[PDB]
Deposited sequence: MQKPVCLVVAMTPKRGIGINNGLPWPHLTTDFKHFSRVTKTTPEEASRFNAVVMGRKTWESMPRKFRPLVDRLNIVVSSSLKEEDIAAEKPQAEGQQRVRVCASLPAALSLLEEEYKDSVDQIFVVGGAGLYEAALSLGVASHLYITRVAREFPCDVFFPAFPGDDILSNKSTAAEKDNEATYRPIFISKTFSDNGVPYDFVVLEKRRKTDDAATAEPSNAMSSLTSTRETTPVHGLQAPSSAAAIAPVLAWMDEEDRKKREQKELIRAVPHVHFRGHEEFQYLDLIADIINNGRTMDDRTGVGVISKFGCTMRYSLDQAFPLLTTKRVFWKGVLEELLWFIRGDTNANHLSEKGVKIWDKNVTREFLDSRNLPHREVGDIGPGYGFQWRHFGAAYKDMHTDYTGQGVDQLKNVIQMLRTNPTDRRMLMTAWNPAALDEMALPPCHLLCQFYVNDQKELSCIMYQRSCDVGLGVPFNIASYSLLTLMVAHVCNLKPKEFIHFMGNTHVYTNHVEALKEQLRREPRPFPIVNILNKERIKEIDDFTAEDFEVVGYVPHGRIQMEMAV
């Protein structure tokens, strides 16, 4: 009964020119070593590999230490390998077999009592045979999120949708996202399916008491499970309420998520997020811009329905031109408290530039505890097309020059807005880290009224049947040119290794 261990691009690519397609992934090698070596004593595990895989390995590491090595080949002989390098004392002699079935026979015949687990370690010849024989119980797959030139591929398999969009192999384990050398990746395991404190439990018994994301996944390390579980939690436990929009709501109050920013970027994968939209909106905020036509004109229409003639009038703002969000978000960030006129006015130097203050405090006194920016100005709310939802953020620097950010959001459309908000403030954290010579560490999301609209519930349930993919990496390009927060442009960003499931249509509650 065998296990497969592999690293794989989303297109199932595993090799090129008898080498690996990506730069060195040190955590993946640790993992490989740890999975293939470990045992309870008497025994060792075996690794079975094809001839070219054996040849692809550097001499100094071959044979793989403390594991019985078997090579499947018809041309290489056991004495070829013995001649390559002296067998070290205590290690096993390297065996050669003509086929995978022969390797498994040999294991039974001559190494019962001696080997514990059997691992098939590549290449495509062996992976294919192992799947054909149906002898693989588990797949240890390292999912590399970037595509690389490959000439060798892991075979198609039922359940290969954990890699990319199109007996079965279902994931029972999904880790958080790692990275090395600009490459994001994660680890999954698939499974072939087809009176101490005794007497305390009756008090527990009487004090004690449906929708769930991909419930077969038992180890839920991927940080996107916070979002997926929050959807389920609201649907299971939330309360059905009315709402400003007339569309129903199911709501909860006081919710929390947090996303690491040191290895990869929390752009959700369980549906495609509108990244051009987040980037363009954030730059617009940073400008202090209140003209949503500037967004609309670039193909970002997110503010259009709340800046129509009709919606502005429902807000008693007949004097606003279409597109004018009033003194909201970016205006309050860059010009807190300034007297608003319209979206065409120059406000340079009016009011408080909170963003500048935060940055200057980060650069000069990062232990200060007042590094906040707010968009909630009670005096100006009635002049806004919409009172801000994400209304405050706070920054923090630790010991090691690592920057974390908290954002408070009064109102959270879990279906439509939340993924977008996660990406937006995570990006702001990247931008601020760079300009302050800091390392981005963490985004922390504090949520007030956290809701899913009734007309989203069905689509959200489909979303919960999808397992997450490894997070992408976002790189800031042209770092040397970029010295201040206003220097960033729409071209200074690269999203690397993003492989989300398909878009899900969800109407905005207007």
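Asker: Numbered from 1 along the deposited sequence, what ranges are absent from the coordinates?
Answerer: Residues missing from the model, as numbered along the full deposited sequence, span 1-3, 44-45, 172-180, 209-240, 256-265.
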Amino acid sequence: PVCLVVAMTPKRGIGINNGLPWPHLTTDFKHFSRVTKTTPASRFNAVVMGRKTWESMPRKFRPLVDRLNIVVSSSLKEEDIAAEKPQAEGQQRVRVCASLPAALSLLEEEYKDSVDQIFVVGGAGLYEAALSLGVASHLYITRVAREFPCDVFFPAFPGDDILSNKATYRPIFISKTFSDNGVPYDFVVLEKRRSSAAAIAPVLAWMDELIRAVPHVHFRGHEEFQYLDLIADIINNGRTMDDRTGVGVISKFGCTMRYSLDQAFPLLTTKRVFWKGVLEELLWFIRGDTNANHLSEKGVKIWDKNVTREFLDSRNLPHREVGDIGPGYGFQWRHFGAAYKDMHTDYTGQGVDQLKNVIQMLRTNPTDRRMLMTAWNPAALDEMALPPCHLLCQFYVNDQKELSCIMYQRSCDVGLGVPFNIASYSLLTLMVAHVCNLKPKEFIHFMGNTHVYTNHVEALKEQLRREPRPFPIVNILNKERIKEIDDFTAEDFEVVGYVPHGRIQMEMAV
From here on, numbers count along this sequence of modelled residues.
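Asker: Can you tell me whether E191 lacks a model in a third or more of the other compared entries?
Answerer: It is not, since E191 is included in all of the other entries that model both flanking stretches.
Asker: Is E209 unbuilt in at least a third of the other PDB entries compared?
Answerer: In at least a third of the comparable entries (those modelling both sides of it), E209 has no coordinates.
Asker: So 196-204 or 288-296, which one's hotter by mean CA B-factor in the entry?
Answerer: Per the deposited B-factors, the answer is 196-204.
Asker: For the C-alpha atoms alone, is the average B factor greater in 76-84 or in 172-180, going by the entry?
Answerer: Higher mean C-alpha B-factor: 76-84.
Asker: I'd like to know which of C405, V397, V120, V247 has the highest C-alpha temperature factor in the PDB entry.
Answerer: Across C405, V397, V120, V247, the entry lists the biggest C-alpha B-factor for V247.
Asker: Just the C-alpha B-factor column, please: which of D229, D313, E281, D262 has the biggest number?
Answerer: By C-alpha B-factor in the record, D313 ranks first.
Asker: Among the modelled residues of its chain, does the C-alpha B-factor of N69 lie in the lowest, middle or highest third?
Answerer: As the PDB entry reports it, the C-alpha B-factor of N69 lands in the middle third of its chain.
Asker: Classify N165 as lowest, middle or highest third according to the C-alpha B-factor given in the PDB entry, relative to its own chain.
Answerer: According to the entry, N165 has a C-alpha B-factor in the chain's middle third.
Asker: Split the chain's modelled residues into thirds by Cα B-factor; is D186 in the lowest, middle or highest one?
Answerer: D186: CA B-factor falls in the lowest third of its chain.
Asker: Lowest, middle or highest third: where is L430 by Cα B-factor in its chain?
Answerer: According to the entry, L430 has a C-alpha B-factor in the chain's lowest third.
Asker: Quick check for you: using the entry's CA B-factors within this chain, is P440 in the lowest, middle or highest third?
Answerer: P440: CA B-factor falls in the lowest third of its chain.
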